[PDB]
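Reviewing the structure listed below.
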Amino acid sequence: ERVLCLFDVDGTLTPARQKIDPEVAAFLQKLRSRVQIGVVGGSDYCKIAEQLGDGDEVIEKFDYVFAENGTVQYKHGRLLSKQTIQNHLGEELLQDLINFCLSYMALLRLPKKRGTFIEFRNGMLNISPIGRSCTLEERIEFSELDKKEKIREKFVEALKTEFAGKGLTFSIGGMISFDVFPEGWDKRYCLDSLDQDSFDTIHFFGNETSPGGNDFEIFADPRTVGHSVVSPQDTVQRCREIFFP
Ligand SMILES: [Mg+2]
Ligand SMILES: [Mg+2]
């Protein structure tokens, strides 16, 4: 009787980094008459809020809003607290990681550098060799240089080796940055809080459920019924089959 559908945002519910089609959002609300619904995204809260309504309408349209993989949580309109990356990792390791990064980037010579090479978020560190504060034209410029030169990839190889065995995971999401977060702090992080909400079934939907994609772990977890989708339209049809047959 208590079921939750939980959705990746990008490519599952919305075109990536863009806004949800009204027909999609309309279906979701209809679906809500049979199940609770929720979203989990890698992005921070405001980015998700923007794709999924006006202002803070997102926390109203969805029963659960897990931003930054669930290190930041909204449940039934209310913001829950957040375990901090430094609390979990401790100051010594966090700073070891940070100092490794500053040192590596100091030796990097790029066409352009800007600011915010290291962004401190709730559940990860976003590392960006060009600097997060560049224009779109500068994103594209660096992005093309990165493919040629594999700047982020090399950086991530060096980081992985250096911190081997120490509990860190790395990404490479987008044109200019990569993420660093504690082992476990992928999308699965949200499931722990969900465990205390007594659902009989948690269905997960994603578009990156293949090995490597950021939906894989949450998709494969024994706490969720996994579904793999290719489009928001695919997602909608899938829910039609399962919940409106
Ligand atoms: Mg996606
Ligand atoms: Mg599963």
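A note on labels: chains of the structure tokens are A, B, ... as shown, every chain counts residues from 1, and ligands are counted from 1 in their shown order.
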
Inset, instruction - Enumerate residues in contact with ligand 2: an atom-to-atom distance of at most 9 Å, counting only C-alpha atoms and all ligand atoms. Format the result as JSON, numbers by chain. - result: {"A": [202, 203, 204, 216, 217, 218, 219, 220, 221, 222, 223, 224, 225, 226, 227]}

Would you put the residues from that selection into a file with N, CA and C atoms, as a short mmCIF file (atom, residue, chain, number, x, y, z; two decimals), in the first residue's frame?
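So result-v7.cif came out as:
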data_model
loop_
_atom_site.label_atom_id
_atom_site.label_comp_id
_atom_site.auth_asym_id
_atom_site.auth_seq_id
_atom_site.Cartn_x
_atom_site.Cartn_y
_atom_site.Cartn_z
N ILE A 202 10.25 0.45 -3.27
CA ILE A 202 10.85 1.67 -3.81
C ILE A 202 11.27 1.39 -5.24
N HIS A 203 10.61 2.01 -6.20
CA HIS A 203 11.00 1.83 -7.60
C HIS A 203 11.97 2.93 -7.97
N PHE A 204 13.10 2.56 -8.54
CA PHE A 204 14.01 3.56 -9.04
C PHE A 204 14.03 3.61 -10.57
N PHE A 216 23.73 3.54 -11.55
CA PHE A 216 23.98 2.09 -11.42
C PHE A 216 23.83 1.53 -10.00
N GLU A 217 24.53 2.15 -9.05
CA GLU A 217 24.52 1.68 -7.68
C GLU A 217 23.12 1.72 -7.08
N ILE A 218 22.40 2.83 -7.26
CA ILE A 218 21.08 2.92 -6.65
C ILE A 218 20.11 1.96 -7.37
N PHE A 219 20.34 1.78 -8.66
CA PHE A 219 19.53 0.88 -9.47
C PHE A 219 19.70 -0.58 -9.02
N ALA A 220 20.93 -0.95 -8.65
CA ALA A 220 21.26 -2.36 -8.40
C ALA A 220 21.06 -2.74 -6.95
N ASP A 221 21.02 -1.73 -6.09
CA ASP A 221 20.81 -1.93 -4.67
C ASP A 221 19.57 -2.80 -4.39
N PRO A 222 19.72 -3.78 -3.49
CA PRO A 222 18.59 -4.65 -3.12
C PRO A 222 17.40 -3.92 -2.46
N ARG A 223 17.56 -2.64 -2.13
CA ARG A 223 16.45 -1.88 -1.55
C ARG A 223 15.52 -1.28 -2.61
N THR A 224 15.96 -1.29 -3.86
CA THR A 224 15.13 -0.76 -4.93
C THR A 224 14.80 -1.77 -6.06
N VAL A 225 13.59 -1.64 -6.60
CA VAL A 225 13.22 -2.27 -7.84
C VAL A 225 13.74 -1.39 -8.97
N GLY A 226 14.78 -1.84 -9.65
CA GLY A 226 15.38 -1.06 -10.72
C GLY A 226 14.63 -0.96 -12.04
N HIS A 227 14.56 0.25 -12.60
CA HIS A 227 14.08 0.43 -13.95
C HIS A 227 15.04 1.29 -14.77
#

Inset, instruction - Enumerate as a ChimeraX atom specification the residues within 10 Å of ligand 1, counting only C-alpha atoms and all ligand atoms. - result: /A:7-17,40-42,205-209,213-215,229-231

Dump as a compact mmCIF listing (two decimals), in the first residue's frame, selection limited to C-alpha atoms:
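After the write, selection.txt holds the following:
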# COMPACT_ATOMS: atom_id res chain seq x y z
CA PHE A 7 13.50 9.33 -10.27
CA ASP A 8 16.84 10.44 -11.54
CA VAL A 9 16.30 13.93 -12.89
CA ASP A 10 18.42 14.41 -16.04
CA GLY A 11 17.39 12.36 -19.07
CA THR A 12 14.97 10.42 -16.90
CA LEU A 13 12.53 13.24 -16.15
CA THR A 14 13.98 16.23 -17.99
CA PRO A 15 16.29 17.03 -20.88
CA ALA A 16 19.68 17.42 -19.15
CA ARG A 17 20.16 20.63 -17.16
CA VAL A 40 17.42 12.32 -6.51
CA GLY A 41 19.98 14.35 -8.42
CA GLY A 42 23.69 15.04 -8.28
CA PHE A 205 14.17 5.04 -12.53
CA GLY A 206 17.28 6.19 -14.29
CA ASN A 207 18.93 6.63 -17.65
CA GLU A 208 22.45 5.77 -16.50
CA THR A 209 21.90 2.33 -14.94
CA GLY A 213 26.59 5.55 -15.00
CA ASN A 214 25.58 7.49 -11.89
CA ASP A 215 22.32 5.53 -11.61
CA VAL A 229 14.77 4.38 -19.11
CA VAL A 230 16.00 6.21 -22.19
CA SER A 231 13.64 9.24 -22.19

Inset, instruction - Would you mind listing what lies within 9 Å of segment 136-139 of chain A as a list in words, with only C-alpha atoms counted and same-chain residues fewer than 4 positions away left out? - result: residues 112, 130, 132, 143, 144, 175 and 176 of chain A

Legend entry - Length of the atom CA of residue 22 of chain A to atom CA of residue 173 of chain A vector [Å]: 27.0 Å

Near-residue 4 of chain A list (10 Å; only C-alpha atoms; drop same-chain fewer than 3 positions) as a tab-separated table (two decimals) with N, CA, C and O atoms, in the first residue's frame:
chain	number	residue	atom	x	y	z
A	1	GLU	N	0.81	-1.21	0.00
A	1	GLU	CA	0.00	0.00	0.00
A	1	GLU	C	0.86	1.27	0.00
A	1	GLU	O	0.43	2.30	-0.53
A	7	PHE	N	13.06	9.07	-8.91
A	7	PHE	CA	13.50	9.33	-10.27
A	7	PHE	C	14.81	10.05	-10.28
A	7	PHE	O	15.02	10.98	-9.51
A	32	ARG	N	0.90	10.45	-8.56
A	32	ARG	CA	0.95	10.70	-7.13
A	32	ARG	C	-0.31	10.23	-6.39
A	32	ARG	O	-0.29	10.06	-5.18
A	34	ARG	N	-1.46	7.30	-6.62
A	34	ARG	CA	-1.28	5.88	-6.34
A	34	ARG	C	-0.03	5.66	-5.49
A	34	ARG	O	0.04	4.74	-4.67
A	35	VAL	N	0.97	6.51	-5.70
A	35	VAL	CA	2.25	6.37	-5.03
A	35	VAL	C	2.79	7.73	-4.60
A	35	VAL	O	2.39	8.77	-5.13
A	36	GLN	N	3.70	7.72	-3.64
A	36	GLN	CA	4.52	8.90	-3.38
A	36	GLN	C	5.58	9.00	-4.47
A	36	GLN	O	5.98	7.99	-5.05
A	37	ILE	N	6.05	10.20	-4.76
A	37	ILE	CA	7.11	10.37	-5.76
A	37	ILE	C	8.23	11.20	-5.21
A	37	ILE	O	8.05	11.99	-4.27
A	38	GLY	N	9.42	11.03	-5.78
A	38	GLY	CA	10.59	11.73	-5.28
A	38	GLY	C	11.65	11.81	-6.35
A	38	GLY	O	11.60	11.07	-7.34
A	63	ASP	N	7.08	14.59	-3.04
A	63	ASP	CA	7.14	14.21	-1.65
A	63	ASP	C	8.58	14.19	-1.11
A	63	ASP	O	8.81	14.49	0.05
A	64	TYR	N	9.54	13.82	-1.95
A	64	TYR	CA	10.94	13.82	-1.53
A	64	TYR	C	11.79	14.55	-2.54
A	64	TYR	O	11.61	14.39	-3.75
A	194	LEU	N	15.51	6.79	3.52
A	194	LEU	CA	14.29	6.16	3.03
A	194	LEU	C	13.97	4.86	3.77
A	194	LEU	O	12.80	4.51	3.91
A	199	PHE	N	8.51	1.92	3.42
A	199	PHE	CA	7.88	1.66	2.13
A	199	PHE	C	7.91	0.17	1.88
A	199	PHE	O	8.87	-0.50	2.26
A	200	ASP	N	6.87	-0.36	1.26
A	200	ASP	CA	6.88	-1.76	0.86
A	200	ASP	C	7.72	-1.92	-0.39
A	200	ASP	O	8.37	-2.94	-0.59
A	201	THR	N	7.70	-0.90	-1.24
A	201	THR	CA	8.43	-0.94	-2.50
A	201	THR	C	9.00	0.43	-2.84
A	201	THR	O	8.32	1.45	-2.68
A	202	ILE	N	10.25	0.45	-3.27
A	202	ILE	CA	10.85	1.67	-3.81
A	202	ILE	C	11.27	1.39	-5.24
A	202	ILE	O	12.19	0.60	-5.46
A	203	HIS	N	10.61	2.01	-6.20
A	203	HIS	CA	11.00	1.83	-7.60
A	203	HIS	C	11.97	2.93	-7.97
A	203	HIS	O	11.73	4.11	-7.70
A	204	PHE	N	13.10	2.56	-8.54
A	204	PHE	CA	14.01	3.56	-9.04
A	204	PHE	C	14.03	3.61	-10.57
A	204	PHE	O	14.01	2.57	-11.24
A	224	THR	N	15.96	-1.29	-3.86
A	224	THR	CA	15.13	-0.76	-4.93
A	224	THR	C	14.80	-1.77	-6.06
A	224	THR	O	15.60	-2.64	-6.41

Inset, instruction - Have a look at A:236, A:118, A:31, A:106 and name the one nearest to residue 133 of chain A; count only C-alpha atoms. - result: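 Comparing A:236, A:118, A:31, A:106 against residue 133 of chain A, the winner is A:118.
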
Legend entry - Contacts of segment 87-99 of chain A within 10 Å, only C-alpha atoms, excl. fewer than 5 positions in-chain, as a ChimeraX atom specification: /A:104-105,118,123,125,127,159,162-163,166-168,180-182

Inset, instruction - Could you give me the residues within segment 39-145 of chain A that DSSP places in strand (DSSP E), as a ChimeraX atom specification? - result: /A:39-40,64-67,72-75,78-80,118-120,125-127

Based on the selection just made, write N, CA, C and O atoms of those residues as an mmCIF file, in the first residue's frame.
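And here is the file that came out, result_23.cif:
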data_model
loop_
_atom_site.group_PDB
_atom_site.id
_atom_site.type_symbol
_atom_site.label_atom_id
_atom_site.label_comp_id
_atom_site.auth_asym_id
_atom_site.auth_seq_id
_atom_site.Cartn_x
_atom_site.Cartn_y
_atom_site.Cartn_z
ATOM 1 N N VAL A 39 12.613 12.709 -6.162
ATOM 2 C CA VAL A 39 13.711 12.844 -7.105
ATOM 3 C C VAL A 39 15.040 12.780 -6.368
ATOM 4 O O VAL A 39 15.111 13.095 -5.178
ATOM 5 N N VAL A 40 16.073 12.298 -7.058
ATOM 6 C CA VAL A 40 17.423 12.319 -6.512
ATOM 7 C C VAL A 40 18.358 12.754 -7.627
ATOM 8 O O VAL A 40 18.407 12.135 -8.679
ATOM 9 N N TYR A 64 9.542 13.824 -1.946
ATOM 10 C CA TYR A 64 10.936 13.816 -1.528
ATOM 11 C C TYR A 64 11.790 14.546 -2.537
ATOM 12 O O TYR A 64 11.607 14.393 -3.745
ATOM 13 N N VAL A 65 12.718 15.351 -2.037
ATOM 14 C CA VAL A 65 13.680 16.002 -2.906
ATOM 15 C C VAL A 65 15.070 15.792 -2.332
ATOM 16 O O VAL A 65 15.431 16.387 -1.326
ATOM 17 N N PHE A 66 15.831 14.911 -2.970
ATOM 18 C CA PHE A 66 17.195 14.616 -2.554
ATOM 19 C C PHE A 66 18.152 15.280 -3.525
ATOM 20 O O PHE A 66 18.284 14.843 -4.682
ATOM 21 N N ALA A 67 18.839 16.312 -3.058
ATOM 22 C CA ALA A 67 19.835 16.983 -3.878
ATOM 23 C C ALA A 67 21.188 16.503 -3.427
ATOM 24 O O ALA A 67 21.322 16.027 -2.300
ATOM 25 N N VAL A 72 21.803 16.341 0.959
ATOM 26 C CA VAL A 72 20.819 17.370 1.262
ATOM 27 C C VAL A 72 19.403 16.868 0.957
ATOM 28 O O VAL A 72 19.109 16.430 -0.156
ATOM 29 N N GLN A 73 18.526 16.936 1.949
ATOM 30 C CA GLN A 73 17.224 16.308 1.817
ATOM 31 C C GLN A 73 16.029 17.212 2.130
ATOM 32 O O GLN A 73 16.041 17.974 3.094
ATOM 33 N N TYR A 74 14.999 17.103 1.297
ATOM 34 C CA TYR A 74 13.696 17.703 1.561
ATOM 35 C C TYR A 74 12.635 16.600 1.616
ATOM 36 O O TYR A 74 12.487 15.821 0.676
ATOM 37 N N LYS A 75 11.909 16.530 2.726
ATOM 38 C CA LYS A 75 10.877 15.519 2.916
ATOM 39 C C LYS A 75 9.562 16.163 3.318
ATOM 40 O O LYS A 75 9.433 16.680 4.433
ATOM 41 N N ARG A 78 9.762 20.123 3.924
ATOM 42 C CA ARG A 78 10.676 20.544 4.968
ATOM 43 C C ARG A 78 12.103 20.109 4.657
ATOM 44 O O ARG A 78 12.331 18.996 4.182
ATOM 45 N N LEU A 79 13.057 21.002 4.914
ATOM 46 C CA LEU A 79 14.479 20.678 4.815
ATOM 47 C C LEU A 79 14.973 19.889 6.033
ATOM 48 O O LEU A 79 14.920 20.377 7.165
ATOM 49 N N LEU A 80 15.456 18.671 5.789
ATOM 50 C CA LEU A 80 16.157 17.882 6.811
ATOM 51 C C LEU A 80 17.628 18.282 6.889
ATOM 52 O O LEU A 80 18.175 18.864 5.949
ATOM 53 N N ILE A 118 38.333 24.996 -6.504
ATOM 54 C CA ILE A 118 37.802 24.026 -5.552
ATOM 55 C C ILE A 118 36.505 24.550 -4.910
ATOM 56 O O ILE A 118 36.532 25.491 -4.119
ATOM 57 N N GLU A 119 35.368 23.958 -5.260
ATOM 58 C CA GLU A 119 34.106 24.357 -4.659
ATOM 59 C C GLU A 119 33.749 23.391 -3.551
ATOM 60 O O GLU A 119 33.729 22.174 -3.755
ATOM 61 N N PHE A 120 33.470 23.935 -2.373
ATOM 62 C CA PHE A 120 33.070 23.117 -1.234
ATOM 63 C C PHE A 120 31.557 23.019 -1.201
ATOM 64 O O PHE A 120 30.871 24.016 -0.970
ATOM 65 N N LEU A 125 33.485 17.648 -3.031
ATOM 66 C CA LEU A 125 34.321 18.722 -3.507
ATOM 67 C C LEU A 125 34.261 18.708 -5.032
ATOM 68 O O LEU A 125 34.588 17.703 -5.653
ATOM 69 N N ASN A 126 33.843 19.814 -5.636
ATOM 70 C CA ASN A 126 33.913 19.958 -7.074
ATOM 71 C C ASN A 126 35.243 20.597 -7.475
ATOM 72 O O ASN A 126 35.537 21.717 -7.071
ATOM 73 N N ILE A 127 36.043 19.868 -8.255
ATOM 74 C CA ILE A 127 37.359 20.330 -8.702
ATOM 75 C C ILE A 127 37.317 20.709 -10.171
ATOM 76 O O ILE A 127 36.896 19.917 -11.009
#

Inset, instruction - Rank nothing, just name the residue among A:100, A:170, A:185, A:243 nearest to residue 69 of chain A, using only C-alpha atoms. - result: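 Between A:100, A:170, A:185, A:243, the residue approaching residue 69 of chain A most closely is A:185.
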
Legend entry - Atomic separation - atom CA of residue 142 of chain A relative to atom CA of residue 114 of chain A, Å: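 A separation of 11.7 Å between them.
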
Legend entry - Those in segment 37-245 of chain A with alpha helix (DSSP H) from DSSP, as a VMD selection string: chain A and resid 45 to 51 58 to 61 85 to 89 91 to 106 136 to 149 151 to 162 189 to 194 216 to 220 232 to 243

Could you save those same residues with C-alpha atoms as a tab-separated table (two decimals), in the first residue's frame?
chain	number	residue	atom	x	y	z
A	45	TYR	CA	19.02	22.04	-4.56
A	46	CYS	CA	18.55	25.28	-6.53
A	47	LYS	CA	19.52	23.71	-9.85
A	48	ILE	CA	16.94	20.97	-9.30
A	49	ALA	CA	14.28	23.43	-8.07
A	50	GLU	CA	14.73	25.37	-11.30
A	51	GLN	CA	14.30	22.38	-13.63
A	58	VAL	CA	9.59	21.46	-6.45
A	59	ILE	CA	9.31	20.56	-2.75
A	60	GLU	CA	5.57	20.84	-3.18
A	61	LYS	CA	5.22	18.84	-6.36
A	85	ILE	CA	31.71	15.94	4.12
A	86	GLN	CA	34.20	17.17	6.74
A	87	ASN	CA	32.24	15.54	9.59
A	88	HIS	CA	32.36	12.18	7.74
A	89	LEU	CA	35.93	12.46	6.45
A	91	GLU	CA	39.79	17.48	8.78
A	92	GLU	CA	43.18	15.76	8.18
A	93	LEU	CA	42.08	13.71	5.12
A	94	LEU	CA	39.94	16.48	3.68
A	95	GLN	CA	42.90	18.86	3.82
A	96	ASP	CA	45.29	16.26	2.48
A	97	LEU	CA	42.97	15.97	-0.50
A	98	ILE	CA	42.61	19.74	-0.88
A	99	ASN	CA	46.35	20.33	-0.66
A	100	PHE	CA	47.00	17.59	-3.23
A	101	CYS	CA	44.59	19.36	-5.59
A	102	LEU	CA	46.04	22.89	-5.16
A	103	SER	CA	49.48	21.45	-5.73
A	104	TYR	CA	48.55	19.52	-8.87
A	105	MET	CA	46.66	22.50	-10.37
A	106	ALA	CA	49.58	24.91	-9.68
A	136	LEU	CA	29.97	29.50	-21.54
A	137	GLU	CA	32.41	30.30	-24.34
A	138	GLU	CA	35.23	29.48	-21.94
A	139	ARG	CA	33.55	26.26	-20.84
A	140	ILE	CA	33.40	25.14	-24.47
A	141	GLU	CA	36.98	26.21	-25.11
A	142	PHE	CA	38.29	24.24	-22.16
A	143	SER	CA	36.02	21.31	-22.90
A	144	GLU	CA	37.57	20.86	-26.33
A	145	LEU	CA	41.07	21.17	-24.89
A	146	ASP	CA	40.24	18.53	-22.26
A	147	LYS	CA	39.28	15.95	-24.90
A	148	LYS	CA	42.58	16.55	-26.69
A	149	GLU	CA	44.69	16.56	-23.56
A	151	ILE	CA	43.45	17.02	-18.27
A	152	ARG	CA	40.75	15.88	-15.87
A	153	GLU	CA	41.44	12.18	-16.57
A	154	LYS	CA	45.14	12.51	-15.74
A	155	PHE	CA	44.31	14.50	-12.61
A	156	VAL	CA	41.85	11.81	-11.51
A	157	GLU	CA	44.37	8.96	-12.17
A	158	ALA	CA	46.89	10.78	-9.94
A	159	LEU	CA	44.28	11.40	-7.21
A	160	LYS	CA	43.01	7.77	-7.21
A	161	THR	CA	46.49	6.31	-6.84
A	162	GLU	CA	47.49	8.85	-4.18
A	189	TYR	CA	23.03	7.75	0.19
A	190	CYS	CA	19.38	8.69	-0.01
A	191	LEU	CA	18.24	5.10	0.59
A	192	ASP	CA	19.38	5.10	4.22
A	193	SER	CA	16.94	7.81	5.20
A	194	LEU	CA	14.29	6.16	3.03
A	216	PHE	CA	23.98	2.09	-11.42
A	217	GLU	CA	24.52	1.68	-7.68
A	218	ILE	CA	21.08	2.92	-6.65
A	219	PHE	CA	19.53	0.88	-9.47
A	220	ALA	CA	21.26	-2.36	-8.40
A	232	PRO	CA	11.16	11.14	-19.99
A	233	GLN	CA	8.53	9.80	-22.44
A	234	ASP	CA	9.87	6.29	-21.81
A	235	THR	CA	9.67	6.88	-18.04
A	236	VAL	CA	6.03	8.01	-18.34
A	237	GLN	CA	4.99	5.01	-20.40
A	238	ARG	CA	6.73	2.67	-17.96
A	239	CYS	CA	4.75	4.08	-15.07
A	240	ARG	CA	1.58	3.73	-17.12
A	241	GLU	CA	2.24	0.01	-17.50
A	242	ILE	CA	3.15	-0.61	-13.85
A	243	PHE	CA	0.69	1.64	-11.97

Inset, instruction - Check the smallest atom-to-atom distance from each of A:177, A:76, A:164, A:169 to residue 128 of chain A using only C-alpha atoms, then report the winner. - result: A:177

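Minimum atom-to-atom distances from A:26, A:21, A:33, A:198 to residue 244 of chain A were compared using only C-alpha atoms, and the lowest value belongs to A:33.
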
Legend entry - Straight-line distance linking atom CA of residue 116 of chain A with atom CA of residue 71 of chain A, stated in Å to one decimal: 21.5 Å
